[PDB]
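Just so it is clear, none of the values below were taken in a lab; they were calculated from the coordinates. Neighbour counts are summed over all protein chains in view; Cβ atoms, including those assigned to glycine, are modelled from backbone coordinates with ideal geometry.
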């Protein structure tokens, strides 16, 4: 609506594959499409040290 700002109401920001970003009345959580399980933190398992 405003020059197509970068924020606007697009999708999430950049979750992993199989994870969604929803905004329930409790807060914005994550919906797991593969297992269907739900979470509340940004899933990003990345250990470049091991």
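Could you work out the relative contact order of the chain, using alpha carbon pairs under 8 angstrom and six or more residues apart, expressed as a whole percent? After rounding, I find 24 percent. Rg/Rh for the chain stands at 1.07; both radii use Cα atoms, and Rh follows the Kirkwood definition.
What order do you get for 11, 25 when you list them from fewest to most C-beta neighbours inside 10 Å? Mind showing how you got there, number by number?
Numbers: 11 8, 25 4.
Going from sparsest to densest Cβ surroundings: 25, 11.
Assuming 0.36 nm per residue, please report the length gained on full extension of the stretch residue 8 to residue 47 beyond their Cα-Cα distance.
Using 0.36 nm per residue and subtracting the Cα-Cα distance, I get 10.8 nm.
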